[PDB]
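Taking it in order: structure first as structure tokens, then the write-up.
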Amino acid sequence: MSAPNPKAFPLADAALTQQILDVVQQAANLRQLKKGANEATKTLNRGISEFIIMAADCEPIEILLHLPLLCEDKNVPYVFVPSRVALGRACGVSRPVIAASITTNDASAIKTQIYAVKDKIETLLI
Amino acid sequence: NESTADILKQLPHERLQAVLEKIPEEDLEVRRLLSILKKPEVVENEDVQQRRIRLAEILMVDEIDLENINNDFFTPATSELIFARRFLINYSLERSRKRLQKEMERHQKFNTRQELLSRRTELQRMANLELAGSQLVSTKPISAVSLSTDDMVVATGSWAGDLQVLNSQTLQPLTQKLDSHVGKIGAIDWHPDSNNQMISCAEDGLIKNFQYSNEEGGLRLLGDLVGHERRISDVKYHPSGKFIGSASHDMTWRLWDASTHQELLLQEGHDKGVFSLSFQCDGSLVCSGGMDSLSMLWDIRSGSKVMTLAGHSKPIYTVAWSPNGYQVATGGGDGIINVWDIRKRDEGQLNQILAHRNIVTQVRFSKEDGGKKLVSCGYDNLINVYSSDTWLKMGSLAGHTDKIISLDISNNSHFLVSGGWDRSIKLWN
Amino acid sequence: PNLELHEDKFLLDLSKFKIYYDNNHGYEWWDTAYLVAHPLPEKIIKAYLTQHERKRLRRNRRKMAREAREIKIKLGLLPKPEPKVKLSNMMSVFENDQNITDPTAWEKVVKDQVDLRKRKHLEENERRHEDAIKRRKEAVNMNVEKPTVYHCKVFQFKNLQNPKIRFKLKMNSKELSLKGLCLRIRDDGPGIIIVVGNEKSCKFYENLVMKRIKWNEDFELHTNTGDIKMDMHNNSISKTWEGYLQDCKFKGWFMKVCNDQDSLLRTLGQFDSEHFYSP
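Residue numbers (PDB author numbering), protein chains in the order written: chain M, 1 to 126; chain B, 22 to 92, 108 to 465; chain K, 140 to 174, 217 to 225, 232 to 466.
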């Protein structure tokens with residue numbers, strides 16, 4: 001690694017990242033996912049989001065640091081995962097992606113993976 | 022015969038297919054080379070035969086060679117702090133002596149019948165408790181609430197890190213609010229004596245000494261404390277009264293004076309975050325909980341790590357000392373409360389209450405009465421009541437709709453105040 | 140006095156205290172040393236890939252294979268391909284073999300020919316299907332590799348008497364590799380359940396205990412004499428805790444019966460689990 005960014009918080013570990021990124025991609029294929037900052041910021045304003053994933057090592061980090069303060073008002077969990085390049089892949093994109101918002105459909109197929117991971121994430125926010 | 026074999030050999034598929042059979046066949050054997058060769062150990066979906074081919078495809082392109090060639109100090113300084121340790125010893129030693137004597141005196145009477153009635157009464161009292169009101173504070177969850185030594189006023193810290201002081205009995209509305217310079221509040225604590233001061237730690241790595249003025253909303257900064265890089269999770273006043281100890285994230289719990297606002301001790305020893313610091317009632321010892329799941333005792337006077345406690349397989353959020361002073365209690369991400377009494381040492385050690393599901397934030401003993409009950413808060417939305425003798429769970433109370441960051445209990449034990457992700461402050465009977 | 144309450148622990152001991160105190164020489168086992218100039222610093232995966240990286244891989248994988256086969260026919264290692272024929276294509280293939288001359292002899296060849304191709308599809312399927320099951324046995328052989336952390340659960344109920352309930356709990360525990368145990372009081376007396384495993388396992392089992400199985404349901408039990416009704420409506424289940432543990436000393440999942448509330452503890456006592464029971 002490199003010095004993990006002090007502002008990065010909650011930071012998911014190795015074992016949670018595998019469980020999270022796997023859900024991301026699993027949602028990508030049902031197109032319940034939304035990738036990128038602005039696409040994610042849109043979600044919260046509307047009110048459809050489930051949780052946000054962000055890149056920890058996003059350079060500079062200040063460009064996404066607004067999401068946390070928005071999430072806390074809409075009561076939406078969030079975490080950082082350790083690299084952007086990995087998050088890029090899971091969304092089905094060649095290229096680096098710093099944020100992503102899974103959305104809501106309560107008829108969904110993957111519904112029970114999501115509640116699983118939010119339950120894990122909200123633990124990190126102590 | 023040569024030209025027939027050469028053209029076949031020159032061909033890429035064939036060139037690969039020859040290489041595939043010289044590479045070992047097991048999941049582990051194949052895998053190890055990959056990680057050593059730095060390429061991804063595993064891909065999306067694949068059976069091992071597909072995995073094996075990838076090796077070859079990688080081995081072919083780079084023209085890389087075969088798996089054959091592939092494979108403690110004593111720190112001096114700070115005499116001035118040294119002076120303090122003496123003070124602590126004089127204060128500590130006397131206090132401990134008094135405490136032990138007092139404990140002994142209790143022992144003599146026995147007359148079990150009275151006591152065993154008392155516990156029953158206490159449990160019944162605990163069973164009854166209910167909400168009085170809710171209330172509001174902000175739109176961020178409430179990270180810390182604390183009651184003054186007279187139990188008339190509560191301070192509430194938001195994640196937004198603004199503190200409003202409320203009136204114990206009624207709560208309505210409040211006295212007056214202040215939006216402090218800091219954004220995300222760790223903990224808030226009262227000086228044991230005057231009821232004129234508080235202290236608050238937060239995300240910015242700066243601790244603020246507040247003067248609470250009379251019935252005025254003119255809460256006044258007495259001074260700021262510097263030295264901390266990361267967010268500060270917990271802060272406490274020595275039982276004495278002179279010293280404040282701070283414990284943050286960068287593996288440094290720092291012992292601070294109130295008056296001079298100086299760094300008396302910079303301590304090290306955990307390997308990740310340190311999420312709580314507790315001071316134990318004779319003012320002899322501080323126990324540090326950490327994110328590395330190691331509860332580590334410390335002797336302030338010698339500056340010697342004493343007894344390391346291992347029990348928590350997730351981060352240890354709260355470390356609650358007991359009034360008696362011979363027991364400690366911890367809580368953690370793992371949904372366990374450990375209670376270690378140091379006297380036994382050889383074979384008594386830790387009694388685990390299995391308390392809560394979904395973490396534990398703040399465990400609290402009952403202040404008066406030497407400590408008997410435990411009260412704790414997790415994200416399970418419930419709130420618990422424990423004996424300190426059996427550590428049987430007695431009762432639970434649900435009035436919160438959301439998770440609970442922290443809770444403090446009335447000195448008499450006629451209040452319980454709990455604050456919550458849901459943004460209210462709920463007074464329990 | 141008293142017992143489930145475990146008041147027994149409240150009661151004070153003078154000799155331990157007095158003996159301790161005398162040994163201590165006044166003020167605990169802490170400050171005994173006192174009756217210190219320096220202060221001490223004390224030491225111490233999967234990648235995915237996109238849609239376009241599938242194509243390129245699928246095509247560059249396919250290309251190498253087909254062109255390699257192409258040379259094999261040029262070089263003469265391999266049979267020259269004969270035409271595919273169907274009942275559509277049937278009429279206009281004038282390959283030298285008995286087209287109009289033998290009309291029903293050319294029906295059979297094509298109709299036989301069609302089925303032989305299909306039979307191959309079926310064969311590739313069954314052969315692959317069978318191979319995996321052998322391959323499965325290697326999976327069977329593979330031996331756990333300890334997880335670092337053990338998720339756990341705990342459940343508590345009024346009655347377990349129904350056998351159909353007694354049986355499921357034995358199966359699924361053995362089916363899912365859940366370590367743990369179960370206990371209860373005598374027969375009709377209430378009890379507890381414990382389970383431990385990877386977090387995916389527990390969730391299945393938790394679903395079973397609560398939402399699938401009906402503990403309030405009525406059953407007609409068999410006794411040594413014959414069959415009799417039982418009404419368990421009052422019986423109910425609820426979870427106590429789920430959490431995390433340094434090690435799971437449970438070796439196997441062992442249902443048992445205890446007559447008292449005490450050996451019940453001593454049972455768990457063996458596992459340092461006394462606390463998991465709640466009165």
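Just so it is clear, CB atoms sit at the ideal spot from N, CA and C, and this is done for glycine as well.
query                                                                                                                                                                                 : result
Provide the residue(s) that pair with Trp292/B in DSSP beta bridges, ordered along the chain.                                                                                         : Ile280/B, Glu299/B
Does the structure place the segment 296 to 313 of chain B close enough to the segment 269 to 278 of chain B that three or more beta carbon pairs sit under 8 Å?                      : yes
Under DSSP, the beta strand (DSSP E) around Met54/M begins and ends at which residues?                                                                                                : 49 to 55
Check the C-beta distance from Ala196/B over to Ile224/B and give it rounded, since I have them as a contact under 8 Å.                                                               : In fact, because the Cβ distance is near 14 Å, the residues do not count as touching under 8 Å.
When you compare each of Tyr392/K, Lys157/K, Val301/K, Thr335/K to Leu136/B by their alpha carbons, which one comes out closest?                                                      : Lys157/K
If we cut at 9 Å on Cβ distances, does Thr103/M have a partner in chain B?                                                                                                            : no
Run the CB neighbour count on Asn250/B, radius 10 Å, all protein chains shown included, and call it buried at 16 or more, exposed below.                                              : exposed
According to DSSP, is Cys445/K part of a helix, a strand, or is it coil?                                                                                                              : strand
Within the continuous beta strand (DSSP E) that includes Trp293/K, where are the two ends?                                                                                            : First-last for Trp293/K: 290 to 328, but that is the alpha helix (DSSP H), not the beta strand (DSSP E).
For the candidate residues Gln363/B, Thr426/B, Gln212/B, whose alpha-carbon lies nearest to that of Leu390/B?                                                                         : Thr426/B
Kindly list the residues whose CB is nearer than 7 Å to the CB of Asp198/B, restricted to its own chain and excluding five residues on each side of it in sequence; keep chain order. : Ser174, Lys213, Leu214, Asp215, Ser216
Taking the DSSP output, what are the residues bridged to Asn394/B?                                                                                                                    : DSSP lists no partner for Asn394/B.
On the three-state DSSP scale, how would you describe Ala90/M?                                                                                                                        : helix
Quick one: is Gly339/B near chain K, going by C-beta distance under 9 Å?                                                                                                              : yes
In the segment 341 to 387 of chain K, which residue ranges form an unbroken alpha helix (DSSP H) of at least 4 residues, counting only runs that do not cross its ends?               : 350 to 362
Taking three-plus beta-carbon pairs below 8 Å as touching, is the segment 336 to 344 of chain B in contact with the segment 217 to 225 of chain K?                                    : yes
Cβ closer than 8 Å: which chain M residues qualify as neighbours of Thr237/K?                                                                                                         : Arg89, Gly92, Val93, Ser94
Going by CA-CA distance only, name the one from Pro222/K, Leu236/K, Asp284/K that's closest to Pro112/B.                                                                              : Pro222/K
Based on Cα-Cα distance, which residue from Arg46/M, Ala116/M, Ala99/M lies nearest to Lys74/M?                                                                                       : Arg46/M
For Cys237/B, which option in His227/B, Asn231/B, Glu252/B, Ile221/B has the closest C-alpha, if you only look at C-alpha atoms?                                                      : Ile221/B
Using a cut-off of 7 Å between C-beta atoms, extract the partners of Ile90/B located in chain M.                                                                                      : The premise fails here: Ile90/B is roughly 29 Å from chain M at the closest Cβ pair, so nothing lies under 7 Å.
Who does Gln233/B pair with in a DSSP beta bridge?                                                                                                                                    : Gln247/B
So, is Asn245/B buried or exposed, given that buried needs 16 or more other C-beta atoms within 10 angstroms?                                                                         : buried
Span of the alpha helix (DSSP H) holding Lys436/K?                                                                                                                                    : Here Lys436/K belongs to no alpha helix (DSSP H), and DSSP marks it neither H nor E.
Using 9 Å as the threshold, is the C-beta distance between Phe342/K and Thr454/K below it?                                                                                            : no
Per DSSP, which one or two residues make a beta bridge with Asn374/B?                                                                                                                 : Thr366/B, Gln388/B
Determine, using beta carbons only, whether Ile441/B and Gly456/B come nearer to each other than 9 Å.                                                                                 : yes
Which whole-angstrom value describes the C-beta separation of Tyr431/K and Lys429/B, a residue pair presumed to lie in contact below a C-beta threshold of 8 Å?                       : No, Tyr431/K and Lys429/B are not in contact; Cβ-Cβ is about 19 Å, not under 8 Å.
Does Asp119/M have its Cβ less than 9 Å from a Cβ in chain A?                                                                                                                         : The structure shown contains no chain A; its protein chains are M, B and K.
Give me the DSSP bridge partner(s) of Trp334/B.                                                                                                                                       : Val322/B, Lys341/B
Alpha carbons only, please: which of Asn126/B, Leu330/B, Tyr127/B, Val189/B is nearest the one belonging to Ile225/K?                                                                 : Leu330/B
Below 7 Å on C-beta distance, what does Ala255/K contact in chain M?                                                                                                                  : Within 7 Å Cβ-Cβ: nothing; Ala255/K doesn't reach chain M, min ~30 Å.
Nearest CA to the CA of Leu300/B: which residue from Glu151/B, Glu116/B, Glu239/B, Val262/B?                                                                                          : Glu116/B
Pull out every residue of the segment 385 to 412 of chain B whose Cβ sits closer than 8 Å to any Cβ of chain M, in chain order.                                                       : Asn394, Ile395, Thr397
Taking the CB atoms as reference points, tell me whether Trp440/K and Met419/K lie closer together than 9 Å.                                                                          : no
Applying the 10 Å Cβ sphere with the 16-neighbour rule, what's the burial state of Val262/B?                                                                                          : exposed
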